[PDB]
Structures are given as structure tokens and as C-alpha cells.
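What follows is a short report on a single structure.
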Amino acid sequence: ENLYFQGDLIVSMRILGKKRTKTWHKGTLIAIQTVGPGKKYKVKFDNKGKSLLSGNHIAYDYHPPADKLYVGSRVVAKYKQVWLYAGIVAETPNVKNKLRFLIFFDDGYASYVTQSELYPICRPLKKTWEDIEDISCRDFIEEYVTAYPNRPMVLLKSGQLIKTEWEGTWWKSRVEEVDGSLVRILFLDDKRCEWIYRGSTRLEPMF
């Protein structure tokens with residue numbers, strides 16, 4: 001069946017859709033199609049083309065109120081070239097994170113963002129992490145979200161020497177900076193930095 005309405009979605013609304021690049025882009029919802037119990041959403045993007053997308057691959061083009069965001073909420077967020085990329089809410093605003101949202105992006109990256117940097121996915125899966133492609137990231141997120149608020153983390157201080165994983169091996173590294181539940185690691189040989197979640201198994205003390 002072709003529908004005009006489905007939940008709070010309405011044909012002709014402006015929306016965000018996930019392109020094959022895995023980045024998300026502005027478009028118009030031009031059809032809603034059902035095949036038995038399944039639903040698909042046809043989006044005409046502003047620049048490039050039409051896609052027929054599942055409901056977990058479209059997002060509303062507004063910022064959600066804080067009371068609709070939980071740990072485990074499926075979102076699209078500003079990713080640092082600024083793109084929109086999918087992720088999971090790991091923390092909501094509190095004193096210890098200076099009232100920011102912590103996002104775990106689908107590729108394993110973590111960042112603090114503000115409400116104005118977030119968009120809600122329209123039809124998230126019941127287990128929101130189940131559409132994370134990478135099995136290792138998917139399993140990590142499942143454990144994190146379901147164990148929350150029980151969060152094993154390593155206490156780290158600037159100047160501390162540790163081993164950090166990159167491309168499957170351990171590297172000598174130094175803590176450069178700490179920000180909430182994130183640590184900025186300097187890889188000593190490569191002399192570049194990366195922000196990493198303090199409960200990541202990439203930090204040798206967590207492994």
C-alpha cells in the first residue's frame with residue numbers, strides 16, 4: 001500500500017536521509033510504501049537522487065527536546081569538513097559533562113555535542129544498536145547501553161603513560177587532556193592525538 005501518513009510522518013515533509021556514503025542529507029519524503037508488516041520511505045534528496053529507505057535510515061530535521069533523549073537513543077549528529085553521521089547517545093547533560101551529550105558514532109568515534117548538533121532517527125530499531133554495521137562496535141554499544149549506569153572506566157590524568165590500540169596493535173602513548181568521559185591520547189611515535197572514551201578497550205588499562 002502507498003500511505004500518506006505513518007505515525008508522525010507525513011508525505012511532503014522535509015527530512016534527513018542516510019546516503020550510501022553513510023552521511024546524512026536533506027531531502028523530501030515523497031512516498032511511504034508498505035509490503036506486509038514492513039515500511040519503506042522514499043526520499044528525494046536536494047542535490048542527488050532518490051532513495052527508498054528503511055525507517056531507521058531517515059531522521060527528523062529538528063533538534064529533539066532533552067526529555068526525548070535517553071542513553072541508547074539513535075541519533076544523527078554533527079561529526080568533525082562537517083558531516084551528519086549516525087550514532088548512539090552515551091550520556092545526557094549533567095554536571096560532570098558540563099551539560100553536553102556524549103555521542104558514540106557508528107564508526108567508533110566519540111564526541112561531546114550540544115542539543116543543536118543532534119537530530120532524532122524517525123523509526124529506530126527496538127534494540128537501537130542493531131543497525132550498527134560493525135559487529136565489534138555493535139556489541140560494545142549493546143553492553144554499554146544495557147549495563148548503564150554501571151560504566152567501568154579507567155581514571156586517567158594528563159601526563160600518564162599508557163598503551164593505546166591502533167590498527168590492531170598497542171602503541172606507546174600519553175594522556176594529553178581529559179574531558180568528562182573522554183581522554184585525548186597522544187600517540188608518541190606518530191605525534192598525533194585522538195579522543196577516546198575512557199571505558200574503551202583500546203586503552204590498555206581497560207583491556
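Positions are given from 1, in the same order as the sequence printed here. Keep in mind that the numbers below use all heavy atoms, side chains included, and drop hydrogens, waters and symmetry copies.
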Report yes or no: does [X] contribute a side-chain atom to a donor-acceptor pair with the main-chain N or O of [Y] at less than 3.5 Å?
X: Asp139; Y: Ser136; value: no
X: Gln115; Y: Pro64; value: yes
X: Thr92; Y: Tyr70; value: no
X: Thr146; Y: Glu142; value: yes
X: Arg138; Y: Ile132; value: yes

Please find the pair of heavy atoms, one from [X] and one from [Y], that lie closest to each other, and give the distance.
X: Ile10; Y: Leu29; result: O-CD2, 3.8 Å
X: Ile30; Y: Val11; result: O-CG1, 3.7 Å
X: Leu155; Y: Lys157; result: CD1-NZ, 4.3 Å
X: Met13; Y: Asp8; result: CE-O, 4.0 Å
X: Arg123; Y: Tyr60; result: NH1-OH, 2.9 Å
X: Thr28; Y: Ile15; result: C-CG2, 4.4 Å

Spatial distance of atom [atom1] ([X]) from atom [atom2] ([Y]) [nearest 0.5 Å]:
X: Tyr112; Y: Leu99; atom1: OH; atom2: CG; value: 11.0 Å
X: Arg14; Y: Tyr62; atom1: CZ; atom2: OH; value: 16.0 Å
X: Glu194; Y: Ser173; atom1: CD; atom2: OG; value: 10.0 Å
X: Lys19; Y: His25; atom1: NZ; atom2: NE2; value: 5.0 Å
X: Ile32; Y: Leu52; atom1: CD1; atom2: CG; value: 11.5 Å
X: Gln6; Y: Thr34; atom1: CD; atom2: OG1; value: 10.0 Å

Yes or no on side chain to side chain contact (heavy atoms under 4.5 Å, CB included) for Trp171 and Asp190, after CA distance, side-chain angles and deciding distance? CA-CA 9 Å; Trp171 302 83; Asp190 187 57; over 6 Å; no
Out of curiosity, does [Y] fall in the hydrophobic cluster containing [X] (side-chain heavy atoms, cut-off under 4.5 Å, transitive links)?
X: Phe5; Y: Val35; answer: no
X: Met153; Y: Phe101; answer: yes
X: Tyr4; Y: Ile58; answer: yes
X: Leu182; Y: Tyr148; answer: yes

Give the C-alpha distance, both sets of side-chain angles, the deciding distance and a yes or no for side chain to side chain contact (heavy atoms under 4.5 Å, CB included) between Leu9 and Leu3. CA-CA 10 Å; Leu9 294 166; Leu3 308 183; over 6 Å; no
What I want to find out is whether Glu117 reaches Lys78 closely enough, with some N-O distance under 4.0 Å, to be called a salt bridge.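 Looking at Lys78 together with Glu117, the answer is no, because their closest N to O distance does not fall below 4.0 Å.
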Would you call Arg198 and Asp179 a salt bridge, using N to O less than 4.0 angstrom?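 Looking at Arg198 and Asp179, the cut-off is not met.
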Before giving the answer on salt bridge (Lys or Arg N to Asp or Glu O under 4.0 Å), spell out for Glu165 and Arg202 the whole-Å C-alpha distance, their side-chain angles and the decisive distance to 0.1 Å. CA-CA 5 Å; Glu165 183 276 345; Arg202 295 181 60 201; 3.1 Å; yes
Can you find a heavy atom in the side chain of [X] that is under 4.5 Å from one in the side chain of [Y]?
X: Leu186; Y: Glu176; value: yes
X: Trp170; Y: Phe207; value: yes
X: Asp106; Y: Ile141; value: no
X: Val145; Y: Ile88; value: yes
X: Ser54; Y: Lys40; value: yes
X: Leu203; Y: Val183; value: yes
X: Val89; Y: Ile103; value: yes

Side chain to side chain contact (heavy atoms under 4.5 Å, CB included), that's the test. Do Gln33 and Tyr41 meet it? Break it down for me. CA-CA 6 Å; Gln33 294 169 16; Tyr41 303 87; over 6 Å; no
Crowded around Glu143 CD? As in, over 12 foreign heavy atoms under 6.0 Å?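 Atom CD in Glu143 is not packed in, count stays at 12 or less.
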A quick test of your reading: do over 12 heavy atoms of other residues, nucleotides or ligands sit less than 6.0 Å from CG of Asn2?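 Check passes, neighbour count above 12.
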Pair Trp129 + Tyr144: ring centers closer than 6.0 Å: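 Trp129 vs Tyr144: aromatic centres not under 6.0 Å.
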Within 45° cone and under 6.0 Å: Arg192 NZ/CZ vs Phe187 ring: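 No, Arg192 and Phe187 do not form such a contact.
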Using the ring of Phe45 (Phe, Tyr or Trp, six-membered ring only), decide whether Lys26 places NZ or CZ under 6.0 Å from its centre and within 45 degrees of its axis.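 Judged by the rule, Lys26 and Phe45 form no cation-pi pair.
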Angle between ring planes, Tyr79 versus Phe105, binned at 30° and 60°: parallel, tilted or perpendicular?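 Aromatic pair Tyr79/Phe105 classed perpendicular.
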Does the plane of the ring in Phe104 sit parallel, tilted or perpendicular to the ring in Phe140? Use 30° and 60° as the thresholds.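 Rings of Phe104 and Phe140: tilted, 30 to 60°.
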Would you check, one step at a time, whether the test side chain to side chain contact (heavy atoms under 4.5 Å, CB included) holds for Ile185 with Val175? CA-CA 5 Å; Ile185 297 296; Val175 179; 4.0 Å; yes
Under 3.5 Å side-chain donor-acceptor pair for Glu91 and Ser181: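 Yes, because at least one side-chain N or O of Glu91 sits under 3.5 Å from a partner of the opposite role on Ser181.
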Under 3.5 Å, is there a donor-acceptor pair linking the side chains of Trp166 and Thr164?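 There is no such pair (donor and acceptor under 3.5 Å, judged by atom type) between the side chains of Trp166 and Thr164.
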Testing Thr128, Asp131, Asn56 one by one against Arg74 for a side chain to side chain donor-acceptor pair (under 3.5 Å), which residue passes?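 With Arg74 as partner, side chain to side chain donor-acceptor pair (under 3.5 Å) holds for just one option, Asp131.
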Identified side chain to side chain contact (heavy atoms under 4.5 Å, CB included) counterpart of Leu118 within the set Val76, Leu84, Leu69: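 With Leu118 as partner, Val76, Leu84, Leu69 yield a single side chain to side chain contact (heavy atoms under 4.5 Å, CB included), made by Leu69.
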